[PDB]
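Residue numbers (the deposited numbering), protein chains in the order written: chain c, 8 to 68; chain F, 103 to 204; chain w, 18 to 39, 47 to 49; chain r, 1 to 118; chain Z, 42 to 113; chain q, 6 to 207. Don't be surprised by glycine CBs; every beta carbon is placed ideally from N, CA and C. Presented below is the structure to which this report refers.
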Amino acid sequence: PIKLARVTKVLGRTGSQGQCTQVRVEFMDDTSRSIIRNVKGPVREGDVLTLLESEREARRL
Amino acid sequence: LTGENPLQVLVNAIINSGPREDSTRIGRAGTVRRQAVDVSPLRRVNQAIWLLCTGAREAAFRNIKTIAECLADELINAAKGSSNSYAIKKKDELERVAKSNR
Amino acid sequence: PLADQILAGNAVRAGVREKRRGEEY
Amino acid sequence: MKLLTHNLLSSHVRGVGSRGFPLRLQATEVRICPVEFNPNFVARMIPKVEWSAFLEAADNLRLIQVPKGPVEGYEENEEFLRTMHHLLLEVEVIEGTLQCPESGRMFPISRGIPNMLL
Amino acid sequence: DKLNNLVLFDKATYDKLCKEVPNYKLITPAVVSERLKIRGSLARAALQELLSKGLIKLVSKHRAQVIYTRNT
Amino acid sequence: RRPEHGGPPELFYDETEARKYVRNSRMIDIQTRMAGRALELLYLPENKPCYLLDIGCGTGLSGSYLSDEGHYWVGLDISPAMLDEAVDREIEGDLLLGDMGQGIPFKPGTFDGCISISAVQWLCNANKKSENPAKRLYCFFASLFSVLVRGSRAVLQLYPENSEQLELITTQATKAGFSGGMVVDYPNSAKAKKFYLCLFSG
RNA sequence: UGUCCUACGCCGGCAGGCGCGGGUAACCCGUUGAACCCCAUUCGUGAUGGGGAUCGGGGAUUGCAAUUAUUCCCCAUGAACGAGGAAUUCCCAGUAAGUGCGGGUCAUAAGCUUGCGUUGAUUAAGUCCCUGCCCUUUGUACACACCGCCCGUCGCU
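Below, the structure is given as C-alpha cells:
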C-alpha cells in the first residue's frame with residue numbers, strides 16, 4: 008500500500024558518487040513510527056515523502 | 103477538448119506521471135547492481151516535466167501532427183492515466199524496475 | 018569506544034565541504 | 001520449429017543435466033517453409049543425429065511415414081534426402097508446447113519462438 | 042508505412058466531409074489529414090472554404106496552427 | 006549514453022527501439038562488416054559450412070550474412086520484440102528465446118562454431134538480486150564449453166568500457182576451461198577498435 | 001575601422017560598371033536601419049518544394065599570370081544523408097546552445113584565431129566510485145627477491 012510520510016532531519020548524503028540522501032522520516036497515522044530512508048535528488052526539510060512499501064529500513068555505508 | 107481549465111489537466115498530468123520509486127546504480131569492481139531508492143517530490147516534478155517533454159518531442163517528429171496538439175494529447179492522456187502516454191509508460195517501468203531491484 | 022566504532026561504520030559521514038562556485049550603480 | 005532444432009534440444013534446468021534430452025511435442029498447426037537444399041548438410045546430420053529421438057518426435061507429431069533406419073550414402077538418393085529435408089528444415093511447428101521429463105516445466109511456443117524463462 | 046493521401050477530393054470523401062466535419066468535436070488540419078487520408082493543403086483549404094460557409098466557429102488564427110470549434 | 010545503462014535487455018530493446026534500430030543503415034554497415042570479420046576469424050574449412058551457435062543475433066543481420074554465403078545457423082535471443090522484427094525480415098535461420106546465462110540447452114558435441122555478436126559485454130552487471138554475475142558468466146561459459154565440439158571455434162565480439170570487465174570475463178573463461186585469447190581490431194584506434202574473444206577446446 | 005570606408009545620381013533582373021561628394025575619423029559611411037524572432041500565404045510526411053555535394057555553360061570582378069574550376073551571380077542534374085556500437089569533448093546564470101556582426105592575415109579569394117551583442121534554458125549547490133595532482137603515515141599484503149625444478153622417453157656417427 009502507498010503511504011505518505013514526513014521527514015524530520017537529514018542524516019546525510021550517501022552513495023559512491025554522493026547520489027542519494029539518507030534522511031530520517033516518520034508517519035502521520037501514528038506519531039511513533041520512525042525509519043531511515045534513502046531519497047536521491049534535492050531534498051530539504053519540509054517535503055512530504057512517499058513509500059511504496061514500509062517494511063525495511065534503508066542502510067548504506 | 104476537456105471543456106474546462108487546462109491547468110487542472112496539466113497538474114493532473116504532472117501528478118500522475120511522477121516516478122515515485124526508481125533504481126540507483128552501485129558497484130565496487132565490475133559487478134554493478136541496482137538498489138531501489140526513492141525520488142524527492144521536486145525531482146518527481148522535474149522528471150515528470152522531462153518525460154512529458156520527451157513524449158511531446160519524439161511522439162510524432164516526422165508527420166503532420168503538430169507539436170502543440172501532440173503536447174495537448176500527451177498531457178490529456180497523462181492526466182487520465184492511460185497507457186498511451188510515453189511518460190506514463192516510462193514512469194511505470196521505473197517503479198516496476200525499482201520493485202525488481204529491492 | 019566499541020559502540021562508537023560500530024555506529025560510525027553504520028552511518029554515513031556528512032557535514033563540512035566548502036564548494037566555491039559561481047546592485048546600486 | 002525445424003525438427004533438428006528440437007531434436008538437439010535439451011532442458012536448461014540445473015538438476016536435469018544432462019539427461020533431460022529429448023523433449024516431447026504437440027502441434028495444432030504446421031507450416032511449410034522453403035529451405036535451400038544442401039546435400040552435404042542432409043548427409044552429415046544422419047551420423048550425428050539421434051534416430052530414436054527423431055522417431056519419437058515424429059510420433060508426437062502424428063507422422064509415421066519415415067524410414068526406420070539411418071540412411072548413409074554418397075548423396076545418390078534424391079528422394080530420401082528430399083524427404084529428410086522436408087521433414088527437418090521445412091516442417092515448422094509455430095504453435096505448440098514442450099514438456100520436460102524430470103521437471104515438468106512447460107515451454108509454450110507461441111508465434112513462433114519457444115520461451116525459456118525461469 | 043508509405044502513405045497514399047489523395048491529391049484532390051473525390052465524391053465519397055467530399056460527402057463524408059460534408060456530413061462529418063460538423064461533428065468531430067476537434068478541428069485541426071493535422072487530424073483531418075490523418076484520418077481522411079487527404080493532403081494537408083487540401084485540409085486547410087477545405088477549412089477556409091468551410092469557415093467561408095460559416096458552419097464551424099473560429100478560435101484562433103496563426104500561420105502554423107488554426108483551431109476551430111462547434112456552433113453548439 | 007550506453008545501452009547497458011538503460012536497463013535489462015528484455016525490456017530496453019522494445020517494439021519502438023527495435024523499429025528505429027532496423028531502420029539504420031550505419032548499423033547495417035557495421036553489423037555486416039563485423040559479421041564478415043567474425044566469419045573470417047574462425048579457421049573453418051572452406052567449401053563446408055559449420056554448425057554455428059548465433060548468440061546475440063537479434064535482428065539476424067549477422068545471421069542474414071551467414072545465410073547469404075550458404076551457411077546455416079540457429080539463433081538464441083532474449084527479447085521477443087526484435088525477435089519478431091527478425092521474423093518479419095523473411096529470415097532463414099531458426100530462432101530461440103531465453104537467457105543464455107541459465108545454460109545452453111543443447112547436446113554436447115553438437116556445434117562446430119560459436120558466433121557472439123554484442124552479447125558478452127551485456128552480462129557483466131546485474132539487474133536483479135537473484136542473479137549473481139560471476140555465477141551467471143561461469144554457468145554460461147561452462148554450458149558453452151559443454152555444447153561445443155572438441156576443437157570447434159568460438160568468437161565473441163565486444164566493446165568493453167574498462168579493463169576490469171575484461172579481467173572478469175577472461176578469468177571466467179580461463180576457469181571454464183576454454184583455451185584461446187584476445188584479438189583486438191585496431192587497438193590504438195577509437196572508432197575502429199573492436200574486441201574479439203577467441204576460444205577453442207584444446 | 002578607413003584613403004580605403006563609402007553617401008548619392010545614371011545603366012543592367014543580379015553579379016557589377018560610370019559620374020560627383022563626405023571622411024586622417026564620436027563630424028562621412030553610421031539615429032552603425034543586421035540576423036534570430038514576429039504576422040500572413042504556399043508547401044505537407046513524400047530521398048519530397050528538405051539537404052546541397054559533384055558537374056556543364058554564360059557573364060562580371062581581382063590582379064604580370066586564374067589551367068589543377070582565385071572569386072562572385074545566373075541557369076540546368078540532383079549523390080549520400082531516415083538522428084549515427086560505443087570511443088570521446090565542453091559546461092553552471094545572462095552560463096551552455098541557436099543567431100548573425102568586426103580586427104590581423106589580402107593585387108583578389110574564403111578559412112583560422114581573436115572579439116561583439118541578441119534570443120536565452122534543463123539539471124546540482126553535490127561526491128572521492130573512475131581519472132589526474134598534492135598532503136600524512138609506511139614499505140608489513142602482492143610484485144621484485146631467495147630456494148627448487150629447470151620439461152621427461154628411445155634411436156646413429
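Would the beta-carbon of residue i fall within 9 Å of that of residue j?
i, j, result
"F:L103", "F:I190", "no"
"q:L58", "q:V152", "yes"
"q:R94", "q:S67", "no"
"r:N7", "q:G103", "no"
"residue 3 of chain q", "q:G75", "Lying before the first or after the last residue shown, residue 3 of chain q is absent from chain q, which here runs from 6 to 207."
"Z:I97", "Z:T110", "yes"
"q:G118", "q:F145", "no"
"q:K198", "q:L163", "no"
"c:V50", "F:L144", "yes"
"c:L11", "c:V30", "no"
"r:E29", "r:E72", "no"
"Z:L88", "Z:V107", "yes"
"q:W127", "q:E22", "no"
For residue i, I'd like the list of residues in its chain whose CB is within less than 8 Å of its CB, leaving aside the five on either flank, ordered along the chain.
i, result
"F:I128", "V134, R135, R136 and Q137"
"q:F205", "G156, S157, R158, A159, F183, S184 and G185"
"Z:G95", "none"
"q:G11", "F17"
"q:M39", "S67, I122, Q162 and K199"
"q:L142", "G106, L128, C129, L173, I174 and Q177"
Below 7 Å on C-beta distance, what does residue i contact in chain F?
i, result
"c:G48", "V141, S142, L144 and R145"
"Z:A71", "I166, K167, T168 and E171"
"q:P138", "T133"
"q:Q170", "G132"
With a 10 Å radius around its C-beta and 16 neighbouring C-beta atoms as the bar for buried, classify residue i as buried or exposed.
i, result
"r:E102", "exposed"
"F:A131", "exposed"
"r:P47", "exposed"
"Z:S74", "buried"
"c:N45", "buried"
"q:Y56", "buried"
"F:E171", "buried"
"F:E123", "buried"
"r:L118", "exposed"
"r:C33", "exposed"
"Z:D56", "exposed"
"q:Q177", "buried"
"c:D36", "exposed"
For residue i, which residues from the same chain have a beta carbon less than 6 Å from its beta carbon, with the 5 sequence-adjacent residues on both sides left out?
i, result
"c:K47", "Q26 and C27"
"c:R67", "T21"
"q:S121", "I60, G61 and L161"
"F:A162", "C172"
"q:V188", "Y201 and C203"
Show which residues of chain c have a CB atom less than 8 Å away from the CB atom of residue i.
i, result
"F:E197", "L59"
So which residues on chain q does residue i lean against when the C-beta distance must stay under 8 Å?
i, result
"F:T126", "Correct list: empty, because the minimum Cβ distance to chain q is about 12 Å."
"F:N203", "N132, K133 and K134"
I want to verify the contact list: residues of chain c whose CB lies under 9 Å from the CB of residue i, in sequence order.
i, result
"w:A31", "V17, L18, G19, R20, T21 and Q29"
List, in order along the chain, the chain Z residues whose C-beta lies closer than 7 Å to that of residue i?
i, result
"F:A170", "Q106"
"F:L173", "Near F:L173 there are no residues of chain Z at all, since even the closest Cβ is about 12 Å away, more than 7 Å."
What does residue i touch in chain F if you count any residue whose Cβ is under 9 Å from its own?
i, result
"q:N130", "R127, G129, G132, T133, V134, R135 and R136"
Output, in chain order, the set of chain r residues within a Cβ distance shorter than 8 Å of residue i.
i, result
"q:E97", "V35 and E36"
Report whether the distance from the Cβ of residue i to the nearest heavy atom of the ligand FAD is below 8 Å.
i, result
"c:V17", "For the ligand FAD, the structure offers nothing, since it holds no ligand at all."
Starting from residue i, find everything on chain F with Cβ-Cβ shorter than 8 Å and list it in chain order.
i, result
"Z:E61", "The premise fails here: Z:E61 is roughly 18 Å from chain F at the closest Cβ pair, so nothing lies under 8 Å."
Counting only Cβ pairs nearer than 8 Å, list the residues of chain Z close to residue i.
i, result
"F:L103", "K66 and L67"
Cutting at 7 Å between CB atoms, please list the residues of its own chain near residue i, excluding the five before and the five after it.
i, result
"r:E90", "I32, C33, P34 and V35"
"q:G80", "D59, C62, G65, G68, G98, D99, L100 and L101"
"q:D19", "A86"
Cβ closer than 8 Å: which chain w residues qualify as neighbours of residue i?
i, result
"c:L68", "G26 and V29"
Anything in chain r within Cβ reach of residue i, meaning under 7 Å, just list it in chain order.
i, result
"q:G108", "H12"
Counting only Cβ pairs nearer than 7 Å, list the residues of chain q close to residue i.
i, result
"r:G73", "Correct list: empty, because the minimum Cβ distance to chain q is about 18 Å."
**Asked** Counting only runs that start and end within the segment 35-74 of chain r, where is the alpha helix (DSSP H) found for 4 or more residues in a row?
**Response** Counting only runs of 4 or more residues that sit fully inside the segment 35-74 of chain r, the alpha helix (DSSP H) segments are 39-43 and 51-60, in chain order.
**Request:** Note down, one range per segment and in chain order, each beta strand (DSSP E) of at least 3 residues found wholly within the segment 17-70 of chain q.
**Result:** 56-60
**Message:** What ranges does the alpha helix (DSSP H) occupy inside the segment 160-194 of chain q, keeping only unbroken runs of at least 4 residues that lie completely in it?
**Reply:** 168-180
**Message:** So within the segment 108-150 of chain q, which uninterrupted alpha helix (DSSP H) runs reach at least 4 residues, ignoring any that extend past its ends?
**Reply:** none
**Message:** Runs of 3 residues minimum, wholly inside the segment 82-112 of chain q: which ones carry the beta strand (DSSP E) assignment?
**Reply:** 99-102
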